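Visitor: Experimental coordinates for this protein are included below, preceded by the sequence.
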Amino acid sequence: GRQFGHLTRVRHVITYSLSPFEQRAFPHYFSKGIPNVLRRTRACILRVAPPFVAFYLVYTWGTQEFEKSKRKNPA
Amino acid sequence: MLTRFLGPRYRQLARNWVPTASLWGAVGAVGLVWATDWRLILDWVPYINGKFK
Amino acid sequence: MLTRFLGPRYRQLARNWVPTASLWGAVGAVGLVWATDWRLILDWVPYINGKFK
Amino acid sequence: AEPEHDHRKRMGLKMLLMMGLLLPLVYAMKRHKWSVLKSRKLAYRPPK
Amino acid sequence: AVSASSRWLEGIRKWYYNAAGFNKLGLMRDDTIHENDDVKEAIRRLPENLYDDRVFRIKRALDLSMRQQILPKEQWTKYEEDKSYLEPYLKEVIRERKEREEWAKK
Amino acid sequence: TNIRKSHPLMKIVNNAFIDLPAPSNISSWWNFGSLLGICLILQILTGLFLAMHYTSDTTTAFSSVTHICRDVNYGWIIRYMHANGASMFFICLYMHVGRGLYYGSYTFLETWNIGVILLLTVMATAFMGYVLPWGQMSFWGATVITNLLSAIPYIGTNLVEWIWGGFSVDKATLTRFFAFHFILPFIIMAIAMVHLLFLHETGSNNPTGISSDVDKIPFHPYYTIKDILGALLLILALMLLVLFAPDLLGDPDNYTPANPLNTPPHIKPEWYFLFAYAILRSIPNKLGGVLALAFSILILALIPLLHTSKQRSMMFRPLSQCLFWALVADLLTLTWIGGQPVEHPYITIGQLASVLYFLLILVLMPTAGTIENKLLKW
Amino acid sequence: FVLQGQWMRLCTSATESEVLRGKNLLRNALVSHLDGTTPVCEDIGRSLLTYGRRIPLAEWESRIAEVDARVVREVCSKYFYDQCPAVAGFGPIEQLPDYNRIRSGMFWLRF
Ligand code: HEM
Ligand code: HEM
Ligand SMILES: C[C@@]1(c2ccc(F)cc2F)OC(=O)N(Nc2ccccc2)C1=O
């Protein structure tokens, strides 16, 4: 169990804070928010997306093949 | 042994907390009435007559 | 990373604990044999032949 | 198969309407408390 | 001596540095190291100036990570400017442990 | 002095939920622990109220479940809250494990190793429960899982017949399973307390994988309100399942009473078991398949030893990120193959996905961490 | 915790005996301060700037005498109760309560 006062040594850092009653809960919510999510998407797409597309392609091939395997044409 | 809590300071402290104790009593009574849908009281509240017949 | 535990001190410490490790192995094997009444071993123990037919 | 079908969906509407109230409001409560942190400024002022 | 191959080796190193993205939070490489026992000892040995700089850099990064924000591009740590300030402390700590481990062999 | 700080009971609540130093920067992904706790209490409460009406005989098990859903006042919501709560439990389990994997939270050895035990215990719990309504999938699911033990050399047959109480899944099996299913979530609750104890030695990891001692905030009000919001999002997702799609994750064959003489043609697990099921039937051998299935869950206990990177978290590691997402998508593929017949494209791709699962974890991710070290001159 | 509890105690439940003590301490402080040519001169100069008059010692007495427990509890409530404090901290301040938790100390849930 860790407690405040016993965590670590910090020197020379000033924190400035405002009361929640003095300030906005949703400051510039769309105007700053949607640029940020767009920037976050860009930052991660190339890592996240290409495995799932590679699943989707194996999904769509695999379903198509199995469907087409369960048919004859000569006997 | 509970002679301890008898004297003018303790009477004043009783007087200060009495509107609060009675307002909490009001919270509890209305709370119990609401949670059980209590019949006797809630027939007499002039909107919230959603039994009728 | 487990190159750490290779050297003459660690070989000697292996040699010291080996009669003990094997005697504990003897405790465990006889213990498992006893607790399950194990067939293969206990037919071959010359008293304790209380199946017979 | 499903006598509860009609009650299930009446409850379903009541849920979505309540969640449409309660989700933005609880969000606004969490945004209120977290404001102190989300707008905090740091300065580092070492000697010399 | 070494010219054309070196810059390409450096190029892959610089590419990876930018893709790693701790520099977007103002972190140096040595700020991001997993704190094992060797590492905790290296931190402990740091001089006053470097210790305090290290903490401010972590704080500023954890603050950014909470807001899910990054620094302006101006303020990102440049690969060329990245100070390996912990490495010689850590190397010495590792050297000390390894000597103890050799003595414990014999 | 505060009452909250030094009262012997309120002490424990204080150090766990009020004054607990927490990282300023822990995301959404850290919500799943409290959500797992919520899931456990939800399963406890609905389950007790089901146990008030359910009977555990073969003649009456299906009928008593039916009785809950028609006749018992609001028995249908309680029943469906329970069934879908089990699914919510596994959704939260998987998000939570995945967080641990990505963020290097497994470096907390004891906390992680208890989480594995927690996973194996909820798996055993949810298996034994699914048997209880005595549908077709209940029975044949009971048959397939219990028979996994018969692959164990020399002792295997004796072990399964012992857990049956007979020569198949029968009267003795169902009643057993009710008793074991009742006890195990209370055992879970105790192991979850031990899990939380081990965690409080270190506190939480964070997205960056860097020590956050420099920037701790009190758990209350911040993560009390963040966990409240998380719980209301869990309630939304659970209630969507119960009030709009109660049969979506259920197999329709479980609405037919158990037949001991005839299988369903298909036979498939609930969604959360489909990856492991795909791994088992990938191997053309009896023992090989079950050993592969066991090893597919038990591999999590080896993940600490295969950490190779000088950074804790995958946040600053693009190679490992690509390989992690490759694992998730491999698991999606395995859940797809799990739910499909043992026929032409599905067999070979099921084999390839099974190889890749073990290749990513045992070989590929520990090679990425080493390359990433070399790249950073570390 | 103890500081804020005292503000909350005085806002909600100031008793009479302690108010008399507070009154007497002020009466003693005022007369003890205004003792010497220098503090009296300062009091003249500052008072004429702020008040426009010198407020005589008998007036201050009348103003102190008026204060009872009801006056303490109304006047404390106006300034302390459920109000946003300003906080300044300098030094080994890791165990300094979060502002939200300071803010929460500015009201009582039992009241
Ligand atoms: C019975 C289900 C479980 C419950 C009730 C639960 C409880 C929780 C709680 C409350 C937290 C703290 C908040 C958070 O980080 O989410 C947590 C953290 C942790 N859990 Fe679990 N857990 C369970 C399942 C698991 C499983 C299956 C594992 C993985 C094998 C896991 C490994 C961990 C680890 C490593 C952390 C540390 C996370 C970090 O700080 O980054 N737990 N647990
Ligand atoms: C100790 C608290 C628990 C009790 C007393 C309990 C009791 C019950 C009972 C009586 C049933 C049979 C009725 C029915 O099928 O609807 C049931 C089924 C079920 N149990 Fe539990 N349960 C508990 C917690 C658990 C937990 C922790 C899980 C794992 C998330 C779980 C998973 C389920 C599942 C999947 C079913 C089958 C539901 C169905 O499809 O009908 N339950 N349990
Ligand atoms: C719910 C389920 C299950 C839960 C957790 C688990 F770890 C394994 C399981 F099989 O129990 C069960 O009988 N089936 N169904 C099933 C099992 C094997 C073959 C076919 C169906 C499950 O999916």
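Guide: Done, it's in. Numbering: from 1, shown residues only, chains lettered A, B, ... in the order given. Ligands and ions are numbered 1, 2, ... in the order given.
Visitor: all strands for chain A, in order.
Guide: For chain A, the strands defined by DSSP state E occupy A:13-16.
Visitor: Identify the residue of it closest to ligand 1, quick one.
Guide: residue A:2 (12.6 Å; C-beta to the nearest ligand atom). Every residue, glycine included, has its C-beta placed from N, CA and C.
Visitor: Tell me who's in contact with that residue.
Guide: Listed by C-beta atoms under 8 Å, 6 or more residues apart in numbering or on different chains, the contact set of residue A:2 reads F:20-21, F:200, F:202-203, F:216.
Visitor: ok, which pair from those residues is furthest apart?
Guide: Greatest spacing in the contacts of residue A:2, by C-beta to C-beta: F:200 and F:216 (13.2 Å).
Visitor: what sits against the residue nearest the centre of chain G?
Guide: Centroid check for chain G by C-alpha atoms, centre = their mean gives residue G:76 as the closest residue, at 8.0 Å. Counting by C-beta under 8 Å, 6+ apart, residue G:76 touches G:7, G:10-11, G:14.
Visitor: give me the residue from chain B nearest chain C.
Guide: Closest contact between chain B and chain C, by C-beta to the nearest C-beta, is at residue B:35 (57.3 Å).
Visitor: Quickly note the distance from that residue to residue B:42.
Guide: Distance check for residue B:35 against residue B:42: by C-beta to C-beta, to the nearest Å, it reads 11 Å.
Visitor: Which one of these two is surrounded by more residues?
Guide: More crowded of residue B:35 and residue B:42, by other C-beta atoms under 10 Å in any protein chain shown: residue B:42, with 15 against 8.
Visitor: pretty sure the more buried one contacts residue B:32?
Guide: No - in this structure, residue B:42 is not within contact of residue B:32 by C-beta atoms under 8 Å, at 11.3 Å.
Visitor: thinking again about what came up before, which of the contacts of residue A:2 fall within helices?
Guide: Those of the contacts of residue A:2 mapping onto helices are residue F:200, per DSSP state H.
Visitor: Look at residue D:42 and give its secondary structure.
Guide: Following DSSP: H, G, I helix; E, B strand; the rest coil, the label given to residue D:42 is strand.
Visitor: what's around it, how many residues?
Guide: Using other C-beta under 10 Å, residue D:42 is surrounded by 13 other residues.
Visitor: In contact with residue F:297, which residues?
Guide: F:119-120, F:123, F:276.
Visitor: out of the residues you listed, which one sits closest to residue G:101?
Guide: Of all these, residue G:101 sits closest to residue F:119, with 35.9 Å by C-beta to C-beta.
Visitor: If we ignore the residues flanking it in sequence, what's nearest the closest one?
Guide: Distances taken as C-beta to C-beta, 6 or more residues apart in numbering or on different chains put residue F:93 closest to residue F:119, at 6.4 Å, once the chain neighbours are dropped.
Visitor: That neighbour in helix, strand or coil?
Guide: Classification of residue F:93 using three-state DSSP returns helix.
Visitor: could you measure it against chain D, distance?
Guide: 24 Å (C-beta to the nearest C-beta, to the nearest Å).
Visitor: And that residue, how far from residue G:52?
Guide: Residue F:93 is 75 Å from residue G:52, by C-beta to C-beta.
Visitor: the more surrounded of those two?
Guide: Between residue F:93 and residue G:52, residue F:93 has the larger neighbour count (other C-beta under 10 Å), namely 20 against 8.
Visitor: Can you give me every residue that contacts the more buried one?
Guide: With contact set as C-beta under 8 Å, 6+ apart, residue F:93 has these partners: F:36, F:119, F:122.
Visitor: From those, which land in helices?
Guide: Among these, the ones falling in helices (DSSP H) are F:36, F:119, F:122.
Visitor: what about the longest helix in chain G?
Guide: Looking across chain G with DSSP H, the single longest helix is helix G:16-33.
Visitor: what sits up against it?
Guide: B:8-9, B:12, G:39, G:57, G:60-61, G:64-65, G:67-69, G:71-72.
Visitor: got the CA coordinates for that helix in PDB?
Guide: Extracted in PDB, the C-alpha atoms of helix G:16-33 (Å, rounded to 0.1, in the frame of the first residue of the first chain):
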ATOM      1  CA  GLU G  16     -22.600  30.800  22.800                       C
ATOM      2  CA  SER G  17     -19.700  30.200  25.400                       C
ATOM      3  CA  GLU G  18     -17.100  30.000  22.600                       C
ATOM      4  CA  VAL G  19     -18.500  33.200  20.900                       C
ATOM      5  CA  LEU G  20     -18.000  35.100  24.200                       C
ATOM      6  CA  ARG G  21     -14.400  33.800  24.200                       C
ATOM      7  CA  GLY G  22     -13.900  35.100  20.600                       C
ATOM      8  CA  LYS G  23     -15.500  38.400  21.600                       C
ATOM      9  CA  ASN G  24     -13.200  38.800  24.700                       C
ATOM     10  CA  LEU G  25     -10.100  37.900  22.700                       C
ATOM     11  CA  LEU G  26     -11.000  40.700  20.200                       C
ATOM     12  CA  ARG G  27     -11.600  43.300  23.000                       C
ATOM     13  CA  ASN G  28      -8.200  42.300  24.500                       C
ATOM     14  CA  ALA G  29      -6.400  42.300  21.000                       C
ATOM     15  CA  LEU G  30      -7.800  45.800  20.100                       C
ATOM     16  CA  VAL G  31      -6.900  47.500  23.400                       C
ATOM     17  CA  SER G  32      -3.400  45.700  23.500                       C
ATOM     18  CA  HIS G  33      -2.700  46.800  19.900                       C
END
